[PDB]
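Shown below: input_23.pdb, with PDB, C-alpha atoms and all ligand atoms.
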MODEL        1
ATOM      1  CA  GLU A   1     -26.838  14.204 -33.069  1.00  0.00           C
ATOM      2  CA  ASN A   2     -25.789  17.203 -30.828  1.00  0.00           C
ATOM      3  CA  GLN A   3     -22.316  15.530 -30.506  1.00  0.00           C
ATOM      4  CA  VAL A   4     -19.035  17.047 -31.900  1.00  0.00           C
ATOM      5  CA  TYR A   5     -16.197  14.807 -33.245  1.00  0.00           C
ATOM      6  CA  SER A   6     -12.537  15.477 -34.216  1.00  0.00           C
ATOM      7  CA  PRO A   7     -12.500  16.139 -38.008  1.00  0.00           C
ATOM      8  CA  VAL A   8      -9.110  14.267 -38.066  1.00  0.00           C
ATOM      9  CA  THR A   9      -9.475  11.146 -35.811  1.00  0.00           C
ATOM     10  CA  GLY A  10     -13.308  10.909 -35.404  1.00  0.00           C
ATOM     11  CA  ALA A  11     -12.751  10.887 -31.599  1.00  0.00           C
ATOM     12  CA  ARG A  12     -15.727  12.415 -29.700  1.00  0.00           C
ATOM     13  CA  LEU A  13     -14.795  15.847 -28.224  1.00  0.00           C
ATOM     14  CA  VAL A  14     -15.395  15.975 -24.422  1.00  0.00           C
ATOM     15  CA  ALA A  15     -14.571  18.609 -21.783  1.00  0.00           C
ATOM     16  CA  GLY A  16     -14.488  18.310 -17.986  1.00  0.00           C
ATOM     17  CA  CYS A  17     -13.106  19.701 -14.704  1.00  0.00           C
ATOM     18  CA  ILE A  18     -10.582  18.640 -12.098  1.00  0.00           C
ATOM     19  CA  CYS A  19     -12.482  20.418  -9.233  1.00  0.00           C
ATOM     20  CA  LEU A  20     -10.121  21.217  -6.287  1.00  0.00           C
ATOM     21  CA  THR A  21     -10.783  22.588  -2.784  1.00  0.00           C
ATOM     22  CA  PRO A  22      -9.295  26.092  -2.253  1.00  0.00           C
ATOM     23  CA  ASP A  23      -6.478  24.518  -0.113  1.00  0.00           C
ATOM     24  CA  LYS A  24      -5.839  22.112  -3.117  1.00  0.00           C
ATOM     25  CA  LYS A  25      -5.811  19.014  -0.789  1.00  0.00           C
ATOM     26  CA  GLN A  26      -8.849  17.242  -2.348  1.00  0.00           C
ATOM     27  CA  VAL A  27     -10.576  16.696  -5.747  1.00  0.00           C
ATOM     28  CA  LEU A  28     -14.328  16.129  -6.323  1.00  0.00           C
ATOM     29  CA  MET A  29     -15.187  12.727  -7.878  1.00  0.00           C
ATOM     30  CA  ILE A  30     -18.577  11.348  -9.090  1.00  0.00           C
ATOM     31  CA  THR A  31     -19.689   7.700  -9.515  1.00  0.00           C
ATOM     32  CA  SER A  32     -19.881   6.481 -13.162  1.00  0.00           C
ATOM     33  CA  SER A  33     -23.374   5.847 -14.658  1.00  0.00           C
ATOM     34  CA  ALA A  34     -22.038   2.964 -16.875  1.00  0.00           C
ATOM     35  CA  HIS A  35     -20.296   1.388 -13.788  1.00  0.00           C
ATOM     36  CA  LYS A  36     -22.051   2.504 -10.547  1.00  0.00           C
ATOM     37  CA  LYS A  37     -19.149   1.382  -8.195  1.00  0.00           C
ATOM     38  CA  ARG A  38     -16.347   3.279 -10.095  1.00  0.00           C
ATOM     39  CA  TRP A  39     -15.303   6.894  -9.164  1.00  0.00           C
ATOM     40  CA  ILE A  40     -14.439   9.290 -12.085  1.00  0.00           C
ATOM     41  CA  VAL A  41     -14.440  13.133 -12.592  1.00  0.00           C
ATOM     42  CA  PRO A  42     -17.173  15.219 -14.299  1.00  0.00           C
ATOM     43  CA  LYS A  43     -16.946  15.409 -18.146  1.00  0.00           C
ATOM     44  CA  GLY A  44     -19.274  15.221 -21.173  1.00  0.00           C
ATOM     45  CA  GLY A  45     -19.680  15.668 -24.929  1.00  0.00           C
ATOM     46  CA  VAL A  46     -19.278  19.193 -26.316  1.00  0.00           C
ATOM     47  CA  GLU A  47     -22.607  20.191 -28.031  1.00  0.00           C
ATOM     48  CA  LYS A  48     -22.768  21.902 -31.498  1.00  0.00           C
ATOM     49  CA  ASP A  49     -24.000  25.277 -30.047  1.00  0.00           C
ATOM     50  CA  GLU A  50     -21.251  25.567 -27.325  1.00  0.00           C
ATOM     51  CA  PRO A  51     -18.639  28.253 -28.217  1.00  0.00           C
ATOM     52  CA  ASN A  52     -15.652  26.880 -26.170  1.00  0.00           C
ATOM     53  CA  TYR A  53     -14.528  23.892 -24.035  1.00  0.00           C
ATOM     54  CA  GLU A  54     -14.805  25.914 -20.749  1.00  0.00           C
ATOM     55  CA  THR A  55     -18.610  26.168 -21.402  1.00  0.00           C
ATOM     56  CA  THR A  56     -18.964  22.353 -21.822  1.00  0.00           C
ATOM     57  CA  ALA A  57     -16.663  21.753 -18.760  1.00  0.00           C
ATOM     58  CA  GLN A  58     -18.681  24.018 -16.365  1.00  0.00           C
ATOM     59  CA  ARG A  59     -22.051  22.709 -17.751  1.00  0.00           C
ATOM     60  CA  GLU A  60     -20.985  19.061 -17.163  1.00  0.00           C
ATOM     61  CA  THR A  61     -19.580  19.893 -13.661  1.00  0.00           C
ATOM     62  CA  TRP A  62     -22.975  21.415 -12.718  1.00  0.00           C
ATOM     63  CA  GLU A  63     -25.102  18.607 -14.391  1.00  0.00           C
ATOM     64  CA  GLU A  64     -23.042  15.684 -12.913  1.00  0.00           C
ATOM     65  CA  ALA A  65     -21.652  16.989  -9.514  1.00  0.00           C
ATOM     66  CA  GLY A  66     -23.752  20.051  -8.447  1.00  0.00           C
ATOM     67  CA  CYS A  67     -20.405  21.900  -8.385  1.00  0.00           C
ATOM     68  CA  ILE A  68     -19.891  25.634  -9.154  1.00  0.00           C
ATOM     69  CA  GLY A  69     -16.542  27.454  -9.193  1.00  0.00           C
ATOM     70  CA  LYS A  70     -14.000  29.338 -11.295  1.00  0.00           C
ATOM     71  CA  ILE A  71     -11.622  27.890 -13.927  1.00  0.00           C
ATOM     72  CA  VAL A  72      -8.038  28.716 -12.706  1.00  0.00           C
ATOM     73  CA  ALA A  73      -5.995  26.610 -15.251  1.00  0.00           C
ATOM     74  CA  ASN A  74      -6.159  24.901 -18.687  1.00  0.00           C
ATOM     75  CA  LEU A  75      -4.848  21.320 -18.091  1.00  0.00           C
ATOM     76  CA  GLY A  76      -4.759  20.640 -21.880  1.00  0.00           C
ATOM     77  CA  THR A  77      -5.863  17.379 -23.589  1.00  0.00           C
ATOM     78  CA  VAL A  78      -5.750  13.626 -22.767  1.00  0.00           C
ATOM     79  CA  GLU A  79      -7.121  10.749 -24.931  1.00  0.00           C
ATOM     80  CA  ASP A  80      -9.257   7.634 -24.206  1.00  0.00           C
ATOM     81  CA  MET A  81      -6.988   5.036 -25.932  1.00  0.00           C
ATOM     82  CA  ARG A  82      -9.106   1.993 -24.794  1.00  0.00           C
ATOM     83  CA  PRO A  83      -9.511  -0.389 -27.791  1.00  0.00           C
ATOM     84  CA  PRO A  84     -12.932  -0.911 -29.484  1.00  0.00           C
ATOM     85  CA  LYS A  85     -15.566  -3.335 -27.981  1.00  0.00           C
ATOM     86  CA  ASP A  86     -15.157  -5.750 -30.983  1.00  0.00           C
ATOM     87  CA  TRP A  87     -11.323  -6.028 -30.386  1.00  0.00           C
ATOM     88  CA  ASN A  88     -11.563  -8.872 -27.756  1.00  0.00           C
ATOM     89  CA  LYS A  89     -12.414 -11.601 -30.399  1.00  0.00           C
ATOM     90  CA  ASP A  90     -10.149 -10.238 -33.255  1.00  0.00           C
ATOM     91  CA  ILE A  91      -7.243 -12.036 -35.096  1.00  0.00           C
ATOM     92  CA  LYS A  92      -4.452  -9.336 -34.828  1.00  0.00           C
ATOM     93  CA  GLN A  93      -4.336  -7.756 -31.282  1.00  0.00           C
ATOM     94  CA  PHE A  94      -0.755  -6.597 -30.256  1.00  0.00           C
ATOM     95  CA  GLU A  95       2.457  -5.144 -31.868  1.00  0.00           C
ATOM     96  CA  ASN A  96       5.948  -5.953 -30.372  1.00  0.00           C
ATOM     97  CA  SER A  97       9.345  -4.174 -30.944  1.00  0.00           C
ATOM     98  CA  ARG A  98      12.366  -6.039 -29.391  1.00  0.00           C
ATOM     99  CA  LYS A  99      12.320  -4.272 -25.925  1.00  0.00           C
ATOM    100  CA  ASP A 100       8.593  -3.244 -25.690  1.00  0.00           C
ATOM    101  CA  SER A 101       4.944  -4.267 -26.443  1.00  0.00           C
ATOM    102  CA  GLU A 102       1.994  -2.001 -27.475  1.00  0.00           C
ATOM    103  CA  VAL A 103      -1.679  -2.722 -28.448  1.00  0.00           C
ATOM    104  CA  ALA A 104      -2.448  -2.629 -32.244  1.00  0.00           C
ATOM    105  CA  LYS A 105      -2.762   0.973 -33.674  1.00  0.00           C
ATOM    106  CA  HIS A 106      -6.326   2.476 -33.450  1.00  0.00           C
ATOM    107  CA  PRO A 107      -7.849   6.001 -33.224  1.00  0.00           C
ATOM    108  CA  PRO A 108      -8.746   7.409 -29.777  1.00  0.00           C
ATOM    109  CA  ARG A 109     -12.377   6.901 -28.599  1.00  0.00           C
ATOM    110  CA  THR A 110     -12.398  10.384 -26.995  1.00  0.00           C
ATOM    111  CA  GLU A 111     -10.296  13.595 -26.862  1.00  0.00           C
ATOM    112  CA  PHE A 112     -10.770  15.254 -23.397  1.00  0.00           C
ATOM    113  CA  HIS A 113     -10.168  19.001 -22.780  1.00  0.00           C
ATOM    114  CA  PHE A 114      -9.635  19.407 -18.984  1.00  0.00           C
ATOM    115  CA  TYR A 115      -9.663  22.564 -16.824  1.00  0.00           C
ATOM    116  CA  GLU A 116      -8.786  22.947 -13.123  1.00  0.00           C
ATOM    117  CA  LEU A 117     -11.654  24.580 -11.162  1.00  0.00           C
ATOM    118  CA  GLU A 118     -11.487  26.089  -7.613  1.00  0.00           C
ATOM    119  CA  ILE A 119     -14.735  24.886  -5.926  1.00  0.00           C
ATOM    120  CA  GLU A 120     -16.915  27.876  -4.822  1.00  0.00           C
ATOM    121  CA  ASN A 121     -20.099  25.899  -3.913  1.00  0.00           C
ATOM    122  CA  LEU A 122     -21.549  22.338  -3.740  1.00  0.00           C
ATOM    123  CA  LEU A 123     -25.401  22.249  -4.013  1.00  0.00           C
ATOM    124  CA  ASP A 124     -27.555  19.355  -2.643  1.00  0.00           C
ATOM    125  CA  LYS A 125     -29.960  19.484  -5.677  1.00  0.00           C
ATOM    126  CA  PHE A 126     -28.573  19.204  -9.278  1.00  0.00           C
ATOM    127  CA  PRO A 127     -29.740  17.448 -12.482  1.00  0.00           C
ATOM    128  CA  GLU A 128     -28.045  14.012 -11.913  1.00  0.00           C
ATOM    129  CA  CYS A 129     -28.143  14.163  -8.022  1.00  0.00           C
ATOM    130  CA  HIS A 130     -30.321  10.945  -7.767  1.00  0.00           C
ATOM    131  CA  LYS A 131     -28.265   9.023 -10.430  1.00  0.00           C
ATOM    132  CA  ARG A 132     -24.692   9.632  -9.029  1.00  0.00           C
ATOM    133  CA  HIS A 133     -22.803  10.083  -5.729  1.00  0.00           C
ATOM    134  CA  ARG A 134     -20.176  12.871  -5.405  1.00  0.00           C
ATOM    135  CA  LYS A 135     -17.394  13.047  -2.776  1.00  0.00           C
ATOM    136  CA  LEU A 136     -14.064  14.844  -2.139  1.00  0.00           C
ATOM    137  CA  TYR A 137     -10.888  12.671  -2.046  1.00  0.00           C
ATOM    138  CA  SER A 138      -7.196  13.346  -1.201  1.00  0.00           C
ATOM    139  CA  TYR A 139      -4.646  12.760  -4.047  1.00  0.00           C
ATOM    140  CA  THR A 140      -3.666   9.209  -2.862  1.00  0.00           C
ATOM    141  CA  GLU A 141      -7.393   8.163  -2.646  1.00  0.00           C
ATOM    142  CA  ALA A 142      -8.325   9.831  -6.013  1.00  0.00           C
ATOM    143  CA  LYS A 143      -5.303   8.149  -7.748  1.00  0.00           C
ATOM    144  CA  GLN A 144      -6.429   4.677  -6.461  1.00  0.00           C
ATOM    145  CA  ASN A 145     -10.086   5.382  -7.521  1.00  0.00           C
ATOM    146  CA  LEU A 146      -9.017   6.202 -11.130  1.00  0.00           C
ATOM    147  CA  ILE A 147      -6.769   3.066 -11.429  1.00  0.00           C
ATOM    148  CA  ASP A 148      -9.697   0.946 -10.019  1.00  0.00           C
ATOM    149  CA  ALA A 149     -11.949   2.716 -12.634  1.00  0.00           C
ATOM    150  CA  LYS A 150      -9.383   1.726 -15.385  1.00  0.00           C
ATOM    151  CA  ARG A 151      -9.111   5.437 -16.514  1.00  0.00           C
ATOM    152  CA  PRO A 152      -5.383   6.348 -16.570  1.00  0.00           C
ATOM    153  CA  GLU A 153      -6.148   9.316 -18.944  1.00  0.00           C
ATOM    154  CA  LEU A 154      -8.294  10.888 -16.134  1.00  0.00           C
ATOM    155  CA  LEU A 155      -5.361  10.248 -13.734  1.00  0.00           C
ATOM    156  CA  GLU A 156      -3.028  12.072 -16.210  1.00  0.00           C
ATOM    157  CA  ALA A 157      -5.452  15.085 -16.131  1.00  0.00           C
ATOM    158  CA  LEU A 158      -5.488  14.985 -12.264  1.00  0.00           C
ATOM    159  CA  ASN A 159      -1.617  14.876 -12.191  1.00  0.00           C
ATOM    160  CA  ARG A 160      -1.385  18.143 -14.289  1.00  0.00           C
ATOM    161  CA  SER A 161      -3.595  19.934 -11.652  1.00  0.00           C
ATOM    162  CA  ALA A 162      -2.113  21.836  -8.631  1.00  0.00           C
ATOM    163  CA  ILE A 163      -3.577  19.146  -6.228  1.00  0.00           C
ATOM    164  CA  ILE A 164      -1.096  18.559  -3.314  1.00  0.00           C
ATOM    165  CA  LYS A 165       0.370  15.027  -3.883  1.00  0.00           C
ATOM    166  CA  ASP A 166       2.433  14.954  -0.594  1.00  0.00           C
ATOM    167  CA  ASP A 167      -0.334  13.348   1.590  1.00  0.00           C
TER     168      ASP A 167
HETATM  169 MG    MG B 201     -20.540  12.555 -18.696  1.00  0.00          MG
ENDMDL
END
When written as structure tokens, how does the structure in this file appear?
Amino acid sequence: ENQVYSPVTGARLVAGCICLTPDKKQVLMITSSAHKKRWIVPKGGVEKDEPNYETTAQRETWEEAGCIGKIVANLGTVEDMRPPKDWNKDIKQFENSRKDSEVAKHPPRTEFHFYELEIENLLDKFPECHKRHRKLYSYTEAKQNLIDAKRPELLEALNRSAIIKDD
């Protein structure tokens, strides 16, 4: 009941960080709690008392990755467009238009507000440090992790960052 939702779409409002090394060659990823073998980036629900998305983003980056640094860019918004859980056994599923196919119209699950952070410190002890792993990855490696994790929206956030893509 601390959770904030879009007054328009009902999507849950979430903020997180693309945390880059000063040389911009690697990004910090954490293992998912829902899927322990899948590598994602730190993010979490904005809480009712938080005054801005930067606050949520830096709180989640500390709670989930033991990462501290400074926000150096606003990477804007991306949306979790994954269908509902009930969808799989539904009657109508897809919409087709002559030269393309799309999944049937639905509201986003989540609206993500992402910021790029320059890592200033990684600490060995942090709130979720026994419940998650956290590791730096080059662009090529991070990109493959996020496809494997089935999170293209997190890949879109990574691609807006200043991470060096010429590995
Ligand atoms: Mg989270």
Can you work out which residues are within 8 Å of ligand MG 201 (chain B), considering all atoms listed in the file, and then hand them over as a PyMOL selection string? chain A and resi 42-45+60+64
Please, could you write that set of residues out with C-alpha atoms as a short mmCIF file (atom, residue, chain, number, x, y, z; two decimals), in the frame of the given file?
data_model
loop_
_atom_site.label_atom_id
_atom_site.label_comp_id
_atom_site.auth_asym_id
_atom_site.auth_seq_id
_atom_site.Cartn_x
_atom_site.Cartn_y
_atom_site.Cartn_z
CA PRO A 42 -17.17 15.22 -14.30
CA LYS A 43 -16.95 15.41 -18.15
CA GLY A 44 -19.27 15.22 -21.17
CA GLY A 45 -19.68 15.67 -24.93
CA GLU A 60 -20.98 19.06 -17.16
CA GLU A 64 -23.04 15.68 -12.91
#
Evaluate the PyMOL selection byres (((chain A and resi 109) around 8) and not hetatm) against this structure - the residues, as a PyMOL selection string, please. chain A and resi 10-12+79-84+107-108+110-111
List the neighbours of residue 53 (chain A) out to 8 Å using only C-alpha atoms; skip same-chain residues closer than 3 positions along the sequence, and give me the result as a VMD selection string. chain A and resid 14 to 15 46 50 56 to 57 113
Selection to disk with C-alpha atoms, as an mmCIF file, in the coordinates of the input:
data_model
loop_
_atom_site.group_PDB
_atom_site.id
_atom_site.type_symbol
_atom_site.label_atom_id
_atom_site.label_comp_id
_atom_site.auth_asym_id
_atom_site.auth_seq_id
_atom_site.Cartn_x
_atom_site.Cartn_y
_atom_site.Cartn_z
ATOM 1 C CA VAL A 14 -15.395 15.975 -24.422
ATOM 2 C CA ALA A 15 -14.571 18.609 -21.783
ATOM 3 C CA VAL A 46 -19.278 19.193 -26.316
ATOM 4 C CA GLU A 50 -21.251 25.567 -27.325
ATOM 5 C CA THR A 56 -18.964 22.353 -21.822
ATOM 6 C CA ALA A 57 -16.663 21.753 -18.760
ATOM 7 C CA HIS A 113 -10.168 19.001 -22.780
#
Residue list as a VMD selection string for point (-26.9, 18.1, -31.4), cut-off 8 Å, only C-alpha atoms: chain A and resid 1 to 4 47 to 49
Please identify all polymer residues lying at most 12 Å from the point (-5.8, 12.4, -15.0) (file coordinates), using all atoms listed in the file, and present the result as a PyMOL selection string. chain A and resi 16-19+27+29+40-43+75-80+112-116+139+142-147+149-163
Which distance in Å separates CA of residue 140 (chain A) and CA of residue 26 (chain A), to one decimal?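 If I compute the distance from CA of residue 140 (chain A) to CA of residue 26 (chain A), I get 9.6 Å.
Checking A:135, A:124, A:28, A:54 one by one against residue 73 (chain A), counting all atoms listed in the file, you find the shortest gap at A:54.
With distances restricted to only C-alpha atoms, A:122 is the closest residue to residue 67 (chain A) from A:122, A:30, A:129, A:136.
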State, in Å with one decimal place, the distance from CA of residue 72 (chain A) to CA of residue 138 (chain A). 19.2 Å
What does the distance between CA of residue 117 (chain A) and CA of residue 13 (chain A) come to in Å, to one decimal place? 19.4 Å
Find the spatial neighbours of residue 127 (chain A), counting all atoms listed in the file, within a cut-off of 9 Å - ignore same-chain residues fewer than 6 positions away - and output them as JSON, numbers by chain. {"A": [62, 63, 64, 65, 66]}
Same residues, C-alpha atoms, output as a tab-separated table (two decimals), in the coordinates of the input:
chain	number	residue	atom	x	y	z
A	62	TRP	CA	-22.98	21.42	-12.72
A	63	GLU	CA	-25.10	18.61	-14.39
A	64	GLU	CA	-23.04	15.68	-12.91
A	65	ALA	CA	-21.65	16.99	-9.51
A	66	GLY	CA	-23.75	20.05	-8.45
Run the PyMOL selection byres (((chain A and resi 70) around 6) and not hetatm) mentally over the shown coordinates, then write out the matched residues as a list in words, using the chain letters and numbers from the document. residues 69, 71, 117 and 118 of chain A
My list of candidates is A:8, A:164, A:61, A:123. Which is closest to residue 22 (chain A) when distances are computed with all atoms listed in the file?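 That would be A:164, the residue with the smallest distance to residue 22 (chain A).
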Taking all atoms of region 88-97 of chain A that the file lists and extending 4 Å past them on each side, where is the centre of the axis-aligned box and how long are its edges? Answer in Å to one decimal, as AutoDock Vina command-line options.
--center_x -1.5 --center_y -8.1 --center_z -31.4 --size_x 29.8 --size_y 15.9 --size_z 15.3
